[PDB]
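Here the structure comes first, spelled out in structure tokens, and everything after it is commentary.
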There are 2 protein chains.
Amino acid sequence: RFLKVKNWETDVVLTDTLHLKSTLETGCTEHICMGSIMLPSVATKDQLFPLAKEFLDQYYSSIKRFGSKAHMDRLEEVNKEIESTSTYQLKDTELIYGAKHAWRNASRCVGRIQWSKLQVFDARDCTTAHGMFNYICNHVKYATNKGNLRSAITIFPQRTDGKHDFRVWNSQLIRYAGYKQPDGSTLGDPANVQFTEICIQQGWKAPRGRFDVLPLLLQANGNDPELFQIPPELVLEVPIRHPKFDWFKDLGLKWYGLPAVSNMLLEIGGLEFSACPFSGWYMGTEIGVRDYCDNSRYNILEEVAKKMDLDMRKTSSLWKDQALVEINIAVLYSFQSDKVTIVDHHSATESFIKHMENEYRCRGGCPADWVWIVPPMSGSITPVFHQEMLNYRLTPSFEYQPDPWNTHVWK
Amino acid sequence: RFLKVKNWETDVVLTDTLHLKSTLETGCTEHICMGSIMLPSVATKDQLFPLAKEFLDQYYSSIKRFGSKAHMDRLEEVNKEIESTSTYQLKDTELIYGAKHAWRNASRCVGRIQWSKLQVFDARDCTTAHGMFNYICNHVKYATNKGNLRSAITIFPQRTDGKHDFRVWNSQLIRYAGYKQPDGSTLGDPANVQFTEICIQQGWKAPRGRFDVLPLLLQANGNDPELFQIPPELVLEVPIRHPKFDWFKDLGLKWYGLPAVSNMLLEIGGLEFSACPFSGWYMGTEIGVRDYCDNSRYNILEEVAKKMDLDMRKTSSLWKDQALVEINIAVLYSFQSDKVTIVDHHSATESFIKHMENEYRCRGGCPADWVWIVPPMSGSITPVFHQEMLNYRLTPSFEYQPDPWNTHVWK
Ligand code: HEM
Ligand code: HEM
Ligand SMILES: N=C(Nc1ccc(CCNCc2cccc(NC(=N)c3ccco3)c2)cc1)c1ccco1
Ligand SMILES: N=C(Nc1ccc(CCNCc2cccc(NC(=N)c3ccco3)c2)cc1)c1ccco1
Ligand SMILES: C[C@H](O)[C@H](O)[C@H]1CNc2nc(N)[nH]c(=O)c2N1
Ligand SMILES: C[C@H](O)[C@H](O)[C@H]1CNc2nc(N)[nH]c(=O)c2N1
Ligand SMILES: [Zn+2]
């Protein structure tokens, strides 16, 4: 009832009791482990109050007035509003608490040492896609901060019935378009090919190039989504160069500075926020390794190896690995030379071990998903590879949710 | 009851029913995933017969005479011998079946495409440590095959009471010694420092250098273990050079060609083989990444970066990664130029995906441990990173077992 996780590079041992508070299920059983399954899988007023109570008990405990007067009043207050309205509404302070702890509890996030430095934008007063666009631009401007990136989340109105849902249809606020060609191959980002075509289906006019920043497709209160183009001056970009290889500029690559996922769902006290774009900053490998060198992505290991003068004949010449490291030196170098916030997989993973310590001390644990925490290159030369991690689901939390075009009733 | 695993780089989907036959437990629950815990945790005659029956049913099913005459006779035959002797004995064919399937079921093994090409050496007639030495030398000679390595296992007598146990005290038949210095630091291999000192405690005379091949410490039928030096002509070594950097020879590194774990425990039909050294061949990264560049191992990223002329000031210069790829090009290059069998993490992981296909088709599944299958460098540029894997425990199986010096009664 008090589990042990060990680091096999420092012999450090930490004891986990936080998993006790766990509640949601993981997909694993006693006889099958699903820790490498990518996605493992309206709400009534009965279910809603334990969840509100649970949440409120930790919120007041966190400001050191658990079970007190102001607590039991709010517990009663929310009880009454759930009877009356069949749902309820979070205080501004409760929303900011919930959000930050949804991030704190994100077991796949290696960035959580920053979880308490999160700027919460309350867009729960929003009613239209244009208001969403306006809130999102302000999010993008604020979080970017001229390259001194700041973490932020904008939280649109909670789901109510279910047919009234606020959704950002983009998977990230800033994404490069993907177009398939006549010869099957893909210009731009292959990951977004279907979304890029949804934007054209609803009206986008595509500059059919590479790094074309997609428009926002914004759905408000269940209505059909509408297209908006982020003012380009708000979309900060780092052109990627290499600190030794001047042919690297000729590759003509760039990436946006601001990673902001917008397709996820924030759960706080049983309430569901289907549109809650959050941004922080990139770890280099997300761009250099996955974005650039995934096969079903920009897939540039071919060209970079070529220009490097590489033995591409034999698999075992590690030409793929060799080009992979150069691409990531270039990503980091480029971003830092432009004073755009980026972290390398070594700093980020040491910080996560440091974060893990603090959590086990002042919280009794840290849910962590090794499969996702270990960076996609140079696994074992980073301290998280050697760190045992217990994965369990705590709430408040960020959840996967269906793509809104699979679920929506159009017209 | 029929689970789906997906490859997110090829969109290939495979369906797992093999996990049904699973029986042993994984450490995970519905509310906690332990897929990154490194080690998750006498036998009576009651327990022994279902296990024998279970095993025999799959063995006869595998030669296409399930439940037949020759089956029910052996089922009865083993039933009677378990009543009589309180244990039993495997046919030569049953031992070879069990062993190969213990390997087939090793979910952390990326090498299993070869599982049916395994040479089984029956050393169940062994009675003394000298016989163990002799069987082990023959294993080493055969498996090495002058560098055209062949997979093999030597199986010493099963555990009986528990105080009579055959054990190889080494963790691998061929390992480099580790000595701590006056100034705390370590010459040779730090991993083996305690074992290297156990060998001195029982009588070894250490050439206190780097790549000193340890002696065998062999325990027979529970008796105290005895030291033997593998004839050096049987210990094949690859001196590591780089195909471009002639200063790499100056590093003066070498590794043994033969990976043979000997500290594990083979379970077949409920019988327990506490001494069952198995060997195959190395994937490059085990040497180049873990052996050489683990912090608590040879830890040579320092010196290789230096000689490469590298920006070692800033963590984010990826100098660690850059030196890591060169070290692994050198390992592979060296081994292949010496006609010593080695596989690169790209060939090995593509083969495992290919292996995974065959298993899901002609077996209904393949237990796999993503945490261990993904190589310790260049994770996502290999196809196994993108392959969802279900981990579950099938039998026959290889199991972890206590180090014999923590459990043994000396004198
Ligand atoms: C501040 C700097 C941050 C860094 C360096 C960082 C880093 C990362 C990385 C590398 C991943 C893996 C994602 C992938 O491979 O696609 C991840 C996952 C995640 N991050 Fe963080 N992140 C940061 C901030 C945040 C913030 C501010 C939030 C929420 C408010 C957040 C929530 C999450 C969630 C929910 C996931 C898992 C999503 C999924 O399962 O796909 N992160 N993070
Ligand atoms: C034939 C070529 C083989 C290759 C390339 C290979 C590769 C690997 C690798 C890289 C690992 C991870 C081990 C580590 O990181 O320390 C592993 C694990 C393992 N292999 Fe294979 N292996 C081979 C043959 C075999 C054979 C012949 C057997 C048994 C008869 C076997 C049984 C196992 C077991 C039981 C594990 C897991 C051990 C543990 O959990 O520590 N392997 N293999
Ligand atoms: N579609 C695919 N699967 C698939 C792949 C990935 C996912 C989830 C991706 N989370 C994206 C994500 C999530 C969280 C953080 C970041 N990054 C940051 N720094 C960041 C953003 C905000 C703060 O920090 C990126 C879901 C499905 C696929 C892959 C290959 C072919 O297909
Ligand atoms: N002691 C530590 N933990 C720890 C680390 C590892 C283990 C298990 C290691 N299995 C070793 C192993 C197992 C199977 C295959 C290979 N390889 C092959 N090719 C091979 C051999 C035979 C056929 O193929 C290597 C157990 C405990 C540690 C790590 C860092 C500091 O401490
Ligand atoms: C199949 C596997 O679950 C999939 O590749 C996961 C593995 N780990 C990951 N880790 C991160 N950070 N991001 C990812 O997309 C993935 N993908
Ligand atoms: C903590 C973690 O479980 C540990 O580092 C594991 C991770 N994956 C591994 N994978 C392999 N192949 N070998 C290992 O030693 C490990 N170590
Ligand atoms: Zn699990």
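Chain identifiers are assigned alphabetically (A, B, ...) following the order of the sequence lines, protein sequences preceding nucleic acid strands; residue numbering begins at 1 within each chain. All ligand and atom numbering here is 1-based and tracks the order in the structure. Scope of the values below: all heavy atoms of this structure, side chains included, with no hydrogens, waters or symmetry mates.
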| said: For the CG atom of B/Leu18 and the SG atom of B/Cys366, what is their distance to the nearest 0.5 Å? | reply: 8.0 Å

| For atom 27 (C) of ligand 3, is some protein heavy-atom partner under 4.0 Å away? | no

| said: How far is atom 6 (C) of ligand 3 from the closest protein heavy atom, and which atom is that? | reply: A/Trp372 CH2, 4.5 Å

| query | Which atoms of ligand 3 sit under 4.0 Å from any heavy atom of A/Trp281? | reply | 19 (N)

| request: For ligand 3, find out whether one of its N or O atoms is nearer than 3.5 Å to an N or O atom of A/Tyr400. | output: no

| said: I need the nearest protein heavy-atom contact for atom 14 (C) of ligand 6: residue, atom name and distance, please. | reply: B/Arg290 NH1, 3.3 Å

| field | Non-hydrogen side-chain atoms of A/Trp8 and A/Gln387 separated by less than 4.5 Å | value | no

| task | Give a yes or no on whether B/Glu350 atom CD has more than 12 heavy-atom contacts from other residues, nucleotides or ligands under 6.0 Å away. | result | no

| query | Just by modelled atom types, is the A/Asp344 backbone N or O under 3.5 Å from a matching donor or acceptor in the A/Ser347 side chain? | reply | no

| query | Hey, is atom 9 (C) of ligand 3 under 4.0 Å from any protein heavy atom? | reply | no

| Okay, side chain of A/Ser351, backbone of A/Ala348: is any donor-acceptor separation there less than 3.5 Å? | yes

| query | Under 30°, 30 to 60°, or over 60°: which ring-plane class applies to B/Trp255 and B/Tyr298, parallel, tilted or perpendicular? | reply | perpendicular

| request: Any chance you could lay out the side-chain hydrogen bond (donor to acceptor under 3.5 Å, both in side chains) test for B/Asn105 and B/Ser397, step after step, and finish with the verdict? | output: CA-CA 6 Å; B/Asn105 299 335; B/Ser397 78; over 6 Å; no

| message | Contact between A/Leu332 and A/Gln336 at the side-chain level, heavy atoms closer than 4.5 Å - yes or no? | response | yes

| message | I want to know if ligand 6 touches A/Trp8 in the polar sense, i.e. an N/O pair below 3.5 angstrom. | response | no

| Salt bridge between A/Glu399 and A/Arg393, side-chain N to carboxylate O under 4.0 Å? | yes

| message | Check this for me: does any side-chain nitrogen of one of A/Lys4 and A/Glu388 sit under 4.0 Å from a carboxylate oxygen of the other? | response | no

| remark: Distance col, row A/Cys276:SG vs A/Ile153:CD1, nearest 0.5 angstrom, shows 5.0 Å

| Can you list the ligand 6 atoms lying under 4.0 Å from a non-hydrogen atom of A/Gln387? | 1 (C)

| field | Protein residue, atom and distance nearest to atom 21 (C) of ligand 3, heavy-atom basis | value | A/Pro259 O, 3.2 Å

| Which of the atoms in ligand 3, numbered in the order shown and given with their element, are less than 4.0 Å from a heavy-atom of A/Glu286? | 16 (C), 17 (N), 18 (C), 19 (N), 25 (C)

| task | Using a 4.0 Å heavy-atom cut-off, say whether A/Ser279 meets ligand 3 through its side chain, its backbone, both or neither. | result | backbone

| Nearest non-hydrogen protein atom, atom 1 (C) of ligand 6 | A/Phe385 O, 3.4 Å

| task | Do me a favour and list the nearest non-hydrogen protein atom to atom 7 (C) of ligand 6 with residue, atom name and distance? | result | B/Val371 CG1, 3.4 Å

| task | For atom 29 (C) of ligand 3, grab the closest protein heavy atom and report residue, atom and distance to one decimal in Å. | result | B/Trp8 O, 4.0 Å

| task | Please determine which of B/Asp369, B/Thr23, B/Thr26, B/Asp16 meets the side chain to side chain donor-acceptor pair (under 3.5 Å) test together with B/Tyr392. | result | B/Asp16

| Can you tell me the protein heavy atom closest to atom 11 (C) of ligand 6 and the distance? | B/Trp372 CE3, 3.2 Å

| field | Protein residue, atom and distance nearest to atom 24 (O) of ligand 3, heavy-atom basis | value | A/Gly280 N, 3.8 Å

| said: Please check whether A/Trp370 reaches ligand 6 - meaning an N/O of the residue sits under 3.5 Å from an N/O of the ligand, judged on distance alone. | reply: no

| Heavy-atom distance under 4.5 Å between the side chains of A/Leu3 and B/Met34, does that happen here? | yes

| request: Would you mind telling me if ligand 3 is within reach of the side chain of A/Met264, the backbone, both or neither, using heavy atoms under 4.0 Å? | output: neither

| request: Identify which protein N/O/S atoms are less than 2.8 Å from the Zn ion (ligand 7). | output: A/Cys28 SG, A/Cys33 SG, B/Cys28 SG, B/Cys33 SG

| request: Calculate, to the nearest 0.5 Å, the distance between atoms CZ and CD1 belonging to A/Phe121 and A/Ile155 respectively. | output: 11.0 Å

| message | Using a 4.0 Å cutoff against the non-hydrogen atoms of A/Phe278, which atoms of ligand 3 qualify? | response | 22 (C), 23 (C)

| query | Which protein heavy atom lies closest to atom 3 (O) of ligand 6, and at what distance to 0.1 Å? | reply | B/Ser36 O, 2.8 Å

| request: List the closest protein heavy-atom neighbour of atom 11 (C) of ligand 3: residue, atom name, distance to the nearest 0.1 Å. | output: A/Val261 CG1, 3.8 Å

| query | Parallel under 30°, tilted from 30 to 60°, perpendicular over 60°: which one fits the rings of B/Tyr282 and B/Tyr256? | reply | tilted

| field | Qualifying residue for side-chain contact (heavy atoms from CB on, under 4.5 Å) with B/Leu324, from A/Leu318, A/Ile381, A/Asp321 | value | A/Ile381

| Does the protein place any heavy atom closer than 4.0 Å to atom 19 (N) of ligand 3? | yes

| field | B/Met38 neighbourhood, listing ligand 6 atoms whose heavy-atom distance to it stays under 4.0 Å | value | 4 (C)

| request: Identify the residue among B/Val12, B/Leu14, B/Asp11 that makes a side-chain contact (heavy atoms from CB on, under 4.5 Å) with B/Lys6. | output: B/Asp11

